[PDB]
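Below you'll find the structure, written out as structure tokens, and then a few comments.
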Amino acid sequence: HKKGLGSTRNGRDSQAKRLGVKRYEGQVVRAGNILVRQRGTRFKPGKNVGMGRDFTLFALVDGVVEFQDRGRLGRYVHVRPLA
Amino acid sequence: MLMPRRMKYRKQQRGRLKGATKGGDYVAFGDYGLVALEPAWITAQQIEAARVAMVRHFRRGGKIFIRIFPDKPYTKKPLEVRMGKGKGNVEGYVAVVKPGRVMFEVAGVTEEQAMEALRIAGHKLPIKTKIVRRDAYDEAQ
Amino acid sequence: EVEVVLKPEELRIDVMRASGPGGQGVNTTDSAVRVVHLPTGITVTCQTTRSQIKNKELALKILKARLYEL
Amino acid sequence: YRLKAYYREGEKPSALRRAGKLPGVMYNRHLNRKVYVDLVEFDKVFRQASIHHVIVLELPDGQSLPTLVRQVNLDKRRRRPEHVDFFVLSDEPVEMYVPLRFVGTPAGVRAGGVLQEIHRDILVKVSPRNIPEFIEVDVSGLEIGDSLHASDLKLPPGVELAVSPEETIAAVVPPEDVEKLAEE
Amino acid sequence: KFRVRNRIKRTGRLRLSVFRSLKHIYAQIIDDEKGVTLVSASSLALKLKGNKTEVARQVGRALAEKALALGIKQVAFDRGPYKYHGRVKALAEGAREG
Amino acid sequence: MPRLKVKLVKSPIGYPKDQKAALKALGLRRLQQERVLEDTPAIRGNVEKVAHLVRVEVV
RNA sequence: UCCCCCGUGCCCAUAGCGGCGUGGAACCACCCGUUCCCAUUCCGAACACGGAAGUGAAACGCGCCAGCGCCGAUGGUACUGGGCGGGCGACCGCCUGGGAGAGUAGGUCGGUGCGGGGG
RNA sequence: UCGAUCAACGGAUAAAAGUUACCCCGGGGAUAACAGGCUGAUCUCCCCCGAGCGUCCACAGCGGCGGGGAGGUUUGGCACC
RNA sequence: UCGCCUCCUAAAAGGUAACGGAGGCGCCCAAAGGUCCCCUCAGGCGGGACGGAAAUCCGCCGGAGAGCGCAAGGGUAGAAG
RNA sequence: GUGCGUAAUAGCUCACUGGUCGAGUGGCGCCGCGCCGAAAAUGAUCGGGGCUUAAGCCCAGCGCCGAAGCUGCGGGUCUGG
RNA sequence: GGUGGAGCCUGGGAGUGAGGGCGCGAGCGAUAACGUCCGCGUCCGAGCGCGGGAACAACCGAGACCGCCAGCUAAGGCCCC
Ligand SMILES: [Mg+2]
Ligand SMILES: [Mg+2]
Ligand SMILES: [Mg+2]
Ligand SMILES: [Mg+2]
Ligand SMILES: [Mg+2]
Ligand SMILES: [Mg+2]
Ligand SMILES: [Mg+2]
Ligand SMILES: [Mg+2]
Ligand SMILES: [Mg+2]
Ligand SMILES: [Mg+2]
Ligand SMILES: [Mg+2]
Ligand SMILES: [Mg+2]
Ligand SMILES: [Mg+2]
Ligand SMILES: [Mg+2]
Ligand SMILES: [Mg+2]
Ligand SMILES: [Mg+2]
Ligand SMILES: [Mg+2]
Ligand SMILES: [Mg+2]
Ligand SMILES: [Mg+2]
Ligand SMILES: [Mg+2]
Ligand SMILES: [Mg+2]
Ligand SMILES: [Mg+2]
Ligand SMILES: [Mg+2]
Ligand SMILES: [Mg+2]
Ligand SMILES: [Mg+2]
Ligand SMILES: [Mg+2]
Ligand SMILES: [Mg+2]
Ligand SMILES: [Mg+2]
Ligand SMILES: [Mg+2]
Ligand SMILES: [Mg+2]
Ligand SMILES: [Mg+2]
Ligand SMILES: [Mg+2]
Ligand SMILES: [Mg+2]
Ligand SMILES: [Mg+2]
Ligand SMILES: [Mg+2]
Ligand SMILES: [Mg+2]
Ligand SMILES: [Mg+2]
Ligand SMILES: [Mg+2]
Ligand SMILES: [Mg+2]
Ligand SMILES: [Mg+2]
Ligand SMILES: [Mg+2]
Ligand SMILES: [Mg+2]
Ligand SMILES: [Mg+2]
Ligand SMILES: [Mg+2]
Ligand SMILES: [Mg+2]
Ligand SMILES: [Mg+2]
Ligand SMILES: [Mg+2]
Ligand SMILES: [Mg+2]
Ligand SMILES: [Mg+2]
Ligand SMILES: [Mg+2]
Ligand SMILES: [Mg+2]
């Protein structure tokens, strides 16, 4: 005997987004290289770093990524040139 | 019974039971306590039964402290139903207990009454217990 | 008050083999159930469904009735 | 009271504690050493004593020091201690929860009631030479319901506490009446 | 707190910072990323006329001169709570236009 | 420089890939095979990783 | 070098809150006015201009205090890469590396570049 | 640049519902119904605790709330020959 | 039930299943857009004709608990408001 | 007022003290190994026989046995030199 | 560091797209299933070749070119079979 059952109105979920840091400190990059994918401003653009509409962070020059945590001011991603 | 008035979620994942109580290991209230020796899910109907058992024992007497609280929901599918088609329905609530936890406490009661009391309450619990006194159980600072 | 808690303390529940149609299972499963009330002499049966557990409770859902009337 | 104490070189924590010796450390606002003080006398003493009365600590240096225990971490599963913190002293004024006796009979013990001595070991700020004992309170006036509290007590000259004074020190509440049952 | 800090809008280099005072008006061309002041020109703290605005202009050209001497051609205009008006150092020199 | 002489004594059959590679890195193929290597930190790291399968000798 | 004050930066609460004092010679503020530039969903409060009698009262600066806040060991535990054991299970133990979070002692009412004005 | 609930949303035709106990072929123990098996919630039996019933009097006969097991005859779960 | 978005499951990189847990989208805005210039909330407590227990005033206190068109999350007053 | 006992008393008795005896004592609390709790369906059994200061269990030690694993000797083939 | 049936690039030919047990981490389930879904790892699959485990794909030991009436070991064993 198979006694009938119901179901759930659950079952959904949205595609994975692959957010996060893409280049770490001491890593060489080229102009344009996206360095971080984030939703809010989890990281603030630093020296030679841009930020697109979706808060994406990319290198502005060809240099080596560097990270700086500035307490109450936030965390910064800078791109130090070979200067 | 002995459930929580409100909850952000009605059903919740089962989990696990790694030994050590984390917290609740010393007396801190009454004079004698009942400490859990095996890990387990104590159903509110047991917490209840044990409690009533004590007041019943030393009717018109001391004070009782229930140191645990069933805030975890218990799910159970219907009978004769197959697997799947969603999570079961909540059948009650249980308090998770680990080894070392002082589940109950008593006060303003004779040492005879205290012992006898807790000994009966442990006969209503799905686990093994131990009765204690008070001494280093003074984490006042 | 308005109460009648007939505890399954004086009931005799049986489970004979289904009657009527069915298939390779009407002959095999103890579908049909029969709950008996002894201090009264009332008996209620049920083969409405194809499950003993959905029939002993649905057969009890009646004994509660007739009783509250008698 | 008194008690023997030895110096720990920092070797096999969990072992020195199995062999029978109980681990620990003695510190204060100056120096701080690591030691091992056996369960035998420790236990016996510590229970009679507690963290109210001072103790001696004669090491192989003899150097007997006055102290009160600040921290004693149990073993969770099956009560037992694994560590103890020793606060050395002098004439230096510090704190400590001082024992509490409550001579009396609340009016809450004739028609049902029992005393819940909430904070039965009150913390007070004061120096060594200023270390009392059974700091009693009056209970002869605690009605069944309403009950005493705060620092509204007999603080012998020199008792410069650290309460509120509101910190409910104690209260009297009712019994466990068989009369219950419910639902709905 | 009249916060503002609109000066945080400092992406480039060489900040020409002004300071209006009930009495005087100072100004120094600063270069962060090094945390140093390179050129300075005060109001009556460098001694000057008695007006306020007229004094602004004079202490203006003053700085710019001393500036160019060091090769300080272009900069960016500051004074946080500034409110760009009156005491406007609309000075010649300086390749910060404005 | 003081060298190491590790000997594969316990079979790697049943242990993780990495542990089987460490052995490769060291140069151990068969059971009972011995190999004298330099004592550098990079050579120990792997011998530490496979301690349970190797008998080491400082020579 | 060393002091005091004014601009700025870095550290990003050991910088704070709240008490208690100090400072007007210079700086600075508040002040004096609203002709003028410029201003108010209404206000010269705020912005802005011209000033210069008075005050350091408000604000701000500098000191001292730990009540609140913030910081925070040393020990010992939790947990755990890897290796290994006991049970019948839920689970429990050892070895070898790592090692908190609470809590205790205790710390703190700041540190510091650069440029100006005053001894 | 416009016309898609081509929403079964990588979208078969521009255009499409049922029935078979009158049935048929190719396959599957990749998958149901019997029986077995693993499981033992359900089921049956027995035990721990001692509120309370038994005029008195916890077990002569009973046992509130709760706790631990056995068996593998029931109803199921699983889908292993 | 079928496509898309948010959280969890997810084992501190990314990713990760089940008829697992729980909600949203199939729009909207010529100002809700660009830029320049100003301004800073929610609450709590007092004081105020109509006046709730928040209408609008005043005053201390209030580092963000408000707000950000709509779900959730991340972010945010040194502004995205 | 401990238990028995009464319809409530009575009656027996004890915590308790004298007491000849003239010595080890009652307690509680951990630990190692056992006892009970313990009933299923064709003939039983730890694999069998058979084991008890063990042929069981815990803790030390040395020696042997034991694979197609590793050596020794011979041979083949494939790669690199 | 690391010369390994390592890697990287281009191209010819593929099979596979029913997995399974076990350990650890979760969900689902009843902290049921030789259950079911993922994750890390392993082994069987293809090592039903070998020794141990009474017998037994995946547990312990161990990766079988062939030959030997030679030797040392592994797990497991050393009262008799
Ligand atoms: Mg605590
Ligand atoms: Mg039919
Ligand atoms: Mg059937
Ligand atoms: Mg501004
Ligand atoms: Mg193996
Ligand atoms: Mg102002
Ligand atoms: Mg672990
Ligand atoms: Mg630590
Ligand atoms: Mg810490
Ligand atoms: Mg088409
Ligand atoms: Mg599709
Ligand atoms: Mg068609
Ligand atoms: Mg017909
Ligand atoms: Mg025909
Ligand atoms: Mg016909
Ligand atoms: Mg036909
Ligand atoms: Mg056919
Ligand atoms: Mg076939
Ligand atoms: Mg099958
Ligand atoms: Mg079947
Ligand atoms: Mg068969
Ligand atoms: Mg019951
Ligand atoms: Mg059967
Ligand atoms: Mg079945
Ligand atoms: Mg399957
Ligand atoms: Mg992740
Ligand atoms: Mg992860
Ligand atoms: Mg924009
Ligand atoms: Mg605009
Ligand atoms: Mg308000
Ligand atoms: Mg036993
Ligand atoms: Mg041998
Ligand atoms: Mg050869
Ligand atoms: Mg060869
Ligand atoms: Mg290959
Ligand atoms: Mg190819
Ligand atoms: Mg392919
Ligand atoms: Mg598949
Ligand atoms: Mg696989
Ligand atoms: Mg697998
Ligand atoms: Mg399973
Ligand atoms: Mg399976
Ligand atoms: Mg196959
Ligand atoms: Mg293989
Ligand atoms: Mg076979
Ligand atoms: Mg075998
Ligand atoms: Mg085998
Ligand atoms: Mg081989
Ligand atoms: Mg070989
Ligand atoms: Mg044998
Ligand atoms: Mg051996």
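The chains in the structure tokens are called A, B, ... from first to last as shown; in each chain the residues are counted from 1, and the ligands are counted from 1 in the order shown.
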Legend entry - Distance filter 10 Å around ligand 18, atoms: only C-alpha atoms (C1' of nucleotides) and all ligand atoms, out as a ChimeraX atom specification: /H:27-29
At a cut-off of 12 Å and counting only C-alpha atoms (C1' of nucleotides) and all ligand atoms, what residues surround ligand 20? Please answer as a PDB file with C-alpha atoms (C1' of nucleotides), in the first residue's frame.
```pdb
ATOM      1  CA  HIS A   1       0.000   0.000   0.000  1.00  0.00           C
TER       2      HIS A   1
ATOM      3  CA  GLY C  25      -2.083  -7.932  -1.935  1.00  0.00           C
ATOM      4  CA  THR C  28      -1.536 -10.845   1.533  1.00  0.00           C
ATOM      5  CA  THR C  29      -2.096  -7.755   3.720  1.00  0.00           C
TER       6      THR C  29
ATOM      7  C1'   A H  32       6.264  -1.853  -8.086  1.00  0.00           C
ATOM      8  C1'   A H  33       2.705  -6.094  -6.395  1.00  0.00           C
ATOM      9  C1'   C H  34       4.147 -12.107  -3.436  1.00  0.00           C
ATOM     10  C1'   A H  35       8.042 -14.316  -0.557  1.00  0.00           C
ATOM     11  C1'   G H  36      12.935 -13.651   1.513  1.00  0.00           C
ATOM     12  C1'   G H  37      16.569 -10.104   3.326  1.00  0.00           C
ATOM     13  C1'   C H  38      18.428  -5.429   6.211  1.00  0.00           C
ATOM     14  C1'   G H  76       5.186  -0.134   7.165  1.00  0.00           C
ATOM     15  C1'   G H  77      10.502   1.704   5.427  1.00  0.00           C
ATOM     16  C1'   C H  78      14.407   0.177   2.044  1.00  0.00           C
ATOM     17  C1'   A H  79      14.651  -1.740  -3.271  1.00  0.00           C
ATOM     18  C1'   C H  80      19.732  -6.374  -2.016  1.00  0.00           C
TER      19        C H  80
END
```
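Take the candidates G:77, G:35, G:112, G:96 and check each one against ligand 9 using only C-alpha atoms (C1' of nucleotides) and all ligand atoms; the shortest distance goes to G:77.
Note that the spacing between atom CA of residue E:33 and atom CA of residue E:8 amounts to 13.2 Å.
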Inset, instruction - Quick one: pull the distance between atom CA of residue D:93 and atom CA of residue D:2, Å, one decimal. - result: 21.4 Å
Inset, instruction - Could you give me, as a PyMOL selection string, every polymer residue with an atom at most 12 Å away from an atom of ligand 26, counting only C-alpha atoms (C1' of nucleotides) and all ligand atoms? - result: (chain A and resi 16-20) or (chain I and resi 8-16) or (chain K and resi 39)
Legend entry - Residues near residue F:43, cut-off 12 Å, only C-alpha atoms (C1' of nucleotides), skip fewer than 3 positions along chain, as a VMD selection string: (chain F and resid 3 to 6 22 to 27 35 to 40 46 to 50) or (chain K and resid 1 to 2)
Okay, now the selection with N, CA and C atoms (P, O5', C5', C4', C3', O3' and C1' of nucleotides), as a PDB file, in the first residue's frame?
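Printed below is part-v4.pdb as written:
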```pdb
ATOM      1  N   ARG F   3      73.575  14.046   6.578  1.00  0.00           N
ATOM      2  CA  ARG F   3      72.506  13.560   5.725  1.00  0.00           C
ATOM      3  C   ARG F   3      71.523  12.607   6.401  1.00  0.00           C
ATOM      4  N   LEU F   4      70.430  12.336   5.699  1.00  0.00           N
ATOM      5  CA  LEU F   4      69.393  11.441   6.184  1.00  0.00           C
ATOM      6  C   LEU F   4      69.407  10.154   5.382  1.00  0.00           C
ATOM      7  N   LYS F   5      68.917   9.086   5.996  1.00  0.00           N
ATOM      8  CA  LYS F   5      68.860   7.781   5.352  1.00  0.00           C
ATOM      9  C   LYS F   5      67.520   7.159   5.728  1.00  0.00           C
ATOM     10  N   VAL F   6      66.488   7.458   4.940  1.00  0.00           N
ATOM     11  CA  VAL F   6      65.149   6.940   5.207  1.00  0.00           C
ATOM     12  C   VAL F   6      64.901   5.623   4.497  1.00  0.00           C
ATOM     13  N   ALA F  22      54.847  12.201  -1.619  1.00  0.00           N
ATOM     14  CA  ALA F  22      55.956  12.565  -0.753  1.00  0.00           C
ATOM     15  C   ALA F  22      57.010  11.487  -0.915  1.00  0.00           C
ATOM     16  N   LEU F  23      56.566  10.237  -0.893  1.00  0.00           N
ATOM     17  CA  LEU F  23      57.472   9.118  -1.056  1.00  0.00           C
ATOM     18  C   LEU F  23      58.163   9.220  -2.405  1.00  0.00           C
ATOM     19  N   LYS F  24      57.421   9.641  -3.425  1.00  0.00           N
ATOM     20  CA  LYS F  24      58.003   9.790  -4.755  1.00  0.00           C
ATOM     21  C   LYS F  24      59.099  10.845  -4.666  1.00  0.00           C
ATOM     22  N   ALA F  25      58.736  12.011  -4.142  1.00  0.00           N
ATOM     23  CA  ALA F  25      59.667  13.118  -3.973  1.00  0.00           C
ATOM     24  C   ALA F  25      60.950  12.661  -3.287  1.00  0.00           C
ATOM     25  N   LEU F  26      60.817  11.812  -2.274  1.00  0.00           N
ATOM     26  CA  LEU F  26      61.984  11.305  -1.566  1.00  0.00           C
ATOM     27  C   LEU F  26      62.768  10.336  -2.455  1.00  0.00           C
ATOM     28  N   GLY F  27      62.057   9.599  -3.297  1.00  0.00           N
ATOM     29  CA  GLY F  27      62.732   8.661  -4.176  1.00  0.00           C
ATOM     30  C   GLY F  27      62.588   7.218  -3.732  1.00  0.00           C
ATOM     31  N   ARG F  35      67.356   5.222   1.254  1.00  0.00           N
ATOM     32  CA  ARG F  35      67.877   6.328   0.472  1.00  0.00           C
ATOM     33  C   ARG F  35      68.483   7.415   1.332  1.00  0.00           C
ATOM     34  N   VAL F  36      69.758   7.693   1.084  1.00  0.00           N
ATOM     35  CA  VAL F  36      70.468   8.718   1.821  1.00  0.00           C
ATOM     36  C   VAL F  36      70.217  10.017   1.077  1.00  0.00           C
ATOM     37  N   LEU F  37      69.690  11.006   1.788  1.00  0.00           N
ATOM     38  CA  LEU F  37      69.367  12.294   1.191  1.00  0.00           C
ATOM     39  C   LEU F  37      69.950  13.417   2.034  1.00  0.00           C
ATOM     40  N   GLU F  38      69.887  14.642   1.519  1.00  0.00           N
ATOM     41  CA  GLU F  38      70.383  15.799   2.255  1.00  0.00           C
ATOM     42  C   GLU F  38      69.450  16.040   3.434  1.00  0.00           C
ATOM     43  N   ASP F  39      69.894  16.821   4.406  1.00  0.00           N
ATOM     44  CA  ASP F  39      69.076  17.076   5.583  1.00  0.00           C
ATOM     45  C   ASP F  39      68.290  18.377   5.523  1.00  0.00           C
ATOM     46  N   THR F  40      68.223  18.987   4.340  1.00  0.00           N
ATOM     47  CA  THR F  40      67.494  20.247   4.157  1.00  0.00           C
ATOM     48  C   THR F  40      66.070  20.202   4.716  1.00  0.00           C
ATOM     49  N   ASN F  46      58.849  16.068   3.989  1.00  0.00           N
ATOM     50  CA  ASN F  46      58.258  14.869   3.405  1.00  0.00           C
ATOM     51  C   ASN F  46      58.505  13.637   4.258  1.00  0.00           C
ATOM     52  N   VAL F  47      59.665  13.575   4.895  1.00  0.00           N
ATOM     53  CA  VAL F  47      59.961  12.441   5.754  1.00  0.00           C
ATOM     54  C   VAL F  47      59.136  12.540   7.042  1.00  0.00           C
ATOM     55  N   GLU F  48      58.659  13.745   7.356  1.00  0.00           N
ATOM     56  CA  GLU F  48      57.834  13.961   8.541  1.00  0.00           C
ATOM     57  C   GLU F  48      56.427  13.514   8.160  1.00  0.00           C
ATOM     58  N   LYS F  49      56.052  13.853   6.934  1.00  0.00           N
ATOM     59  CA  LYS F  49      54.743  13.532   6.379  1.00  0.00           C
ATOM     60  C   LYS F  49      54.486  12.030   6.303  1.00  0.00           C
ATOM     61  N   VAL F  50      55.551  11.258   6.107  1.00  0.00           N
ATOM     62  CA  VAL F  50      55.445   9.807   5.992  1.00  0.00           C
ATOM     63  C   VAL F  50      56.072   9.039   7.152  1.00  0.00           C
TER      64      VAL F  50
ATOM     65  P     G K   1      67.005  24.758  -5.939  1.00  0.00           P
ATOM     66  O5'   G K   1      67.085  23.612  -4.851  1.00  0.00           O
ATOM     67  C5'   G K   1      66.675  22.298  -5.156  1.00  0.00           C
ATOM     68  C4'   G K   1      66.226  21.597  -3.908  1.00  0.00           C
ATOM     69  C3'   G K   1      65.621  20.251  -4.223  1.00  0.00           C
ATOM     70  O3'   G K   1      66.661  19.309  -4.403  1.00  0.00           O
ATOM     71  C1'   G K   1      64.130  21.470  -2.868  1.00  0.00           C
ATOM     72  P     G K   2      67.095  18.902  -5.900  1.00  0.00           P
ATOM     73  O5'   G K   2      65.887  17.978  -6.379  1.00  0.00           O
ATOM     74  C5'   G K   2      65.396  16.909  -5.538  1.00  0.00           C
ATOM     75  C4'   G K   2      63.930  16.648  -5.804  1.00  0.00           C
ATOM     76  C3'   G K   2      63.550  16.387  -7.251  1.00  0.00           C
ATOM     77  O3'   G K   2      63.731  15.025  -7.590  1.00  0.00           O
ATOM     78  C1'   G K   2      62.053  17.954  -6.310  1.00  0.00           C
TER      79        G K   2
END
```
Inset, instruction - Using backbone DSSP assignments, extract all strand (DSSP E or B) residues from stretch 57-144 of chain D; output them as number ranges by chain. - result: D: 58, 67-73, 83-88, 94, 97-99, 114-116, 121-126
Could you list, as a PDB file with N, CA and C atoms (P, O5', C5', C4', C3', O3' and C1' of nucleotides), in the first residue's frame, all protein and nucleic acid residues with an atom at most 10 Å from ligand 15, counting only C-alpha atoms (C1' of nucleotides) and all ligand atoms?
```
ATOM      1  P     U H  20      -7.697   2.947 -19.770  1.00  0.00           P
ATOM      2  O5'   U H  20      -7.733   1.673 -20.722  1.00  0.00           O
ATOM      3  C5'   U H  20      -8.918   0.866 -20.861  1.00  0.00           C
ATOM      4  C4'   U H  20      -8.651  -0.252 -21.841  1.00  0.00           C
ATOM      5  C3'   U H  20      -7.331  -0.974 -21.643  1.00  0.00           C
ATOM      6  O3'   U H  20      -7.451  -1.967 -20.642  1.00  0.00           O
ATOM      7  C1'   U H  20      -7.598  -0.432 -23.920  1.00  0.00           C
ATOM      8  P     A H  21      -6.220  -2.939 -20.333  1.00  0.00           P
ATOM      9  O5'   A H  21      -6.638  -4.253 -21.128  1.00  0.00           O
ATOM     10  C5'   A H  21      -7.172  -5.371 -20.440  1.00  0.00           C
ATOM     11  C4'   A H  21      -8.594  -5.638 -20.862  1.00  0.00           C
ATOM     12  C3'   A H  21      -9.598  -4.507 -20.725  1.00  0.00           C
ATOM     13  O3'   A H  21     -10.705  -4.906 -21.518  1.00  0.00           O
ATOM     14  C1'   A H  21      -9.847  -6.091 -18.945  1.00  0.00           C
ATOM     15  P     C H  22     -11.225  -4.012 -22.748  1.00  0.00           P
ATOM     16  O5'   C H  22     -11.011  -5.013 -23.957  1.00  0.00           O
ATOM     17  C5'   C H  22     -11.493  -6.360 -23.869  1.00  0.00           C
ATOM     18  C4'   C H  22     -10.736  -7.260 -24.818  1.00  0.00           C
ATOM     19  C3'   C H  22      -9.261  -7.501 -24.544  1.00  0.00           C
ATOM     20  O3'   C H  22      -9.044  -8.550 -23.624  1.00  0.00           O
ATOM     21  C1'   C H  22      -9.574  -7.018 -26.837  1.00  0.00           C
TER      22        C H  22
END
```
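Within 10 Å of chain F, counting only C-alpha atoms (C1' of nucleotides), chain K contributes residues 1, 2, 4, 41, 42, 43, 61, 62, 63 and 74 of chain K.
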Selection file, N, CA and C atoms (P, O5', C5', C4', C3', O3' and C1' of nucleotides), as a PDB file, in the first residue's frame:
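Result file is again.pdb:
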```pdb
ATOM      1  P     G K   1      67.005  24.758  -5.939  1.00  0.00           P
ATOM      2  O5'   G K   1      67.085  23.612  -4.851  1.00  0.00           O
ATOM      3  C5'   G K   1      66.675  22.298  -5.156  1.00  0.00           C
ATOM      4  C4'   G K   1      66.226  21.597  -3.908  1.00  0.00           C
ATOM      5  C3'   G K   1      65.621  20.251  -4.223  1.00  0.00           C
ATOM      6  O3'   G K   1      66.661  19.309  -4.403  1.00  0.00           O
ATOM      7  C1'   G K   1      64.130  21.470  -2.868  1.00  0.00           C
ATOM      8  P     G K   2      67.095  18.902  -5.900  1.00  0.00           P
ATOM      9  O5'   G K   2      65.887  17.978  -6.379  1.00  0.00           O
ATOM     10  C5'   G K   2      65.396  16.909  -5.538  1.00  0.00           C
ATOM     11  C4'   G K   2      63.930  16.648  -5.804  1.00  0.00           C
ATOM     12  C3'   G K   2      63.550  16.387  -7.251  1.00  0.00           C
ATOM     13  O3'   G K   2      63.731  15.025  -7.590  1.00  0.00           O
ATOM     14  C1'   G K   2      62.053  17.954  -6.310  1.00  0.00           C
ATOM     15  P     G K   4      63.907  10.005 -11.983  1.00  0.00           P
ATOM     16  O5'   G K   4      62.320   9.924 -11.944  1.00  0.00           O
ATOM     17  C5'   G K   4      61.619   9.692 -10.708  1.00  0.00           C
ATOM     18  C4'   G K   4      60.193  10.171 -10.822  1.00  0.00           C
ATOM     19  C3'   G K   4      59.386   9.514 -11.933  1.00  0.00           C
ATOM     20  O3'   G K   4      58.784   8.281 -11.518  1.00  0.00           O
ATOM     21  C1'   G K   4      59.243  11.861 -12.144  1.00  0.00           C
ATOM     22  P     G K  41      40.227  14.497  -2.088  1.00  0.00           P
ATOM     23  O5'   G K  41      40.523  13.124  -1.343  1.00  0.00           O
ATOM     24  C5'   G K  41      41.533  13.076  -0.346  1.00  0.00           C
ATOM     25  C4'   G K  41      41.453  11.803   0.455  1.00  0.00           C
ATOM     26  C3'   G K  41      41.492  10.476  -0.271  1.00  0.00           C
ATOM     27  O3'   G K  41      42.775  10.135  -0.732  1.00  0.00           O
ATOM     28  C1'   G K  41      39.966  10.359   1.530  1.00  0.00           C
ATOM     29  P     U K  42      42.913   9.120  -1.963  1.00  0.00           P
ATOM     30  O5'   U K  42      42.554   7.703  -1.326  1.00  0.00           O
ATOM     31  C5'   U K  42      43.420   7.099  -0.340  1.00  0.00           C
ATOM     32  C4'   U K  42      42.798   5.836   0.205  1.00  0.00           C
ATOM     33  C3'   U K  42      42.550   4.708  -0.790  1.00  0.00           C
ATOM     34  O3'   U K  42      43.702   3.878  -0.931  1.00  0.00           O
ATOM     35  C1'   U K  42      40.600   5.085   0.492  1.00  0.00           C
ATOM     36  P     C K  43      44.091   3.282  -2.376  1.00  0.00           P
ATOM     37  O5'   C K  43      43.139   2.015  -2.525  1.00  0.00           O
ATOM     38  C5'   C K  43      43.423   0.811  -1.789  1.00  0.00           C
ATOM     39  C4'   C K  43      42.168  -0.001  -1.587  1.00  0.00           C
ATOM     40  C3'   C K  43      41.536  -0.626  -2.820  1.00  0.00           C
ATOM     41  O3'   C K  43      42.122  -1.883  -3.133  1.00  0.00           O
ATOM     42  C1'   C K  43      39.868   0.433  -1.516  1.00  0.00           C
ATOM     43  P     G K  61      47.325  -2.208   7.791  1.00  0.00           P
ATOM     44  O5'   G K  61      47.948  -3.582   7.292  1.00  0.00           O
ATOM     45  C5'   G K  61      48.832  -4.324   8.131  1.00  0.00           C
ATOM     46  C4'   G K  61      49.510  -5.410   7.346  1.00  0.00           C
ATOM     47  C3'   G K  61      50.085  -5.051   5.980  1.00  0.00           C
ATOM     48  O3'   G K  61      51.325  -4.345   6.027  1.00  0.00           O
ATOM     49  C1'   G K  61      48.977  -7.144   5.865  1.00  0.00           C
ATOM     50  P     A K  62      51.662  -3.246   4.893  1.00  0.00           P
ATOM     51  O5'   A K  62      51.730  -4.075   3.526  1.00  0.00           O
ATOM     52  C5'   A K  62      52.745  -5.088   3.319  1.00  0.00           C
ATOM     53  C4'   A K  62      52.475  -5.871   2.054  1.00  0.00           C
ATOM     54  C3'   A K  62      52.472  -5.089   0.749  1.00  0.00           C
ATOM     55  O3'   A K  62      53.790  -5.013   0.217  1.00  0.00           O
ATOM     56  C1'   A K  62      50.550  -6.468   0.861  1.00  0.00           C
ATOM     57  P     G K  63      54.127  -3.966  -0.958  1.00  0.00           P
ATOM     58  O5'   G K  63      53.264  -4.480  -2.197  1.00  0.00           O
ATOM     59  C5'   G K  63      53.528  -4.010  -3.533  1.00  0.00           C
ATOM     60  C4'   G K  63      52.696  -4.779  -4.531  1.00  0.00           C
ATOM     61  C3'   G K  63      53.010  -4.470  -5.989  1.00  0.00           C
ATOM     62  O3'   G K  63      52.921  -5.656  -6.751  1.00  0.00           O
ATOM     63  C1'   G K  63      50.719  -4.019  -5.549  1.00  0.00           C
ATOM     64  P     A K  74      57.513  -9.129  11.752  1.00  0.00           P
ATOM     65  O5'   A K  74      56.513  -8.697  10.599  1.00  0.00           O
ATOM     66  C5'   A K  74      56.592  -7.386  10.027  1.00  0.00           C
ATOM     67  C4'   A K  74      55.349  -7.087   9.218  1.00  0.00           C
ATOM     68  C3'   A K  74      54.016  -7.432   9.866  1.00  0.00           C
ATOM     69  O3'   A K  74      53.621  -6.388  10.759  1.00  0.00           O
ATOM     70  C1'   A K  74      54.032  -8.125   7.585  1.00  0.00           C
TER      71        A K  74
END
```
Legend entry - 12 Å contacts from chain B to chain C using only C-alpha atoms, as a ChimeraX atom specification: /B:78-81
Legend entry - All residues having an atom within 10 Å of ligand 43 (only C-alpha atoms (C1' of nucleotides) and all ligand atoms) as a PyMOL selection string: chain K and resi 18-19+45-46
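Residues in contact with stretch 164-176 of chain D at 7 Å, where only C-alpha atoms (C1' of nucleotides) are counted and same-chain residues fewer than 5 positions away are skipped, are listed as residues 55, 59, 60, 61, 62 and 63 of chain B; 108, 112, 113, 114, 115, 116, 117, 118, 119, 120, 142, 144, 145, 147, 148, 149, 150 and 151 of chain D.
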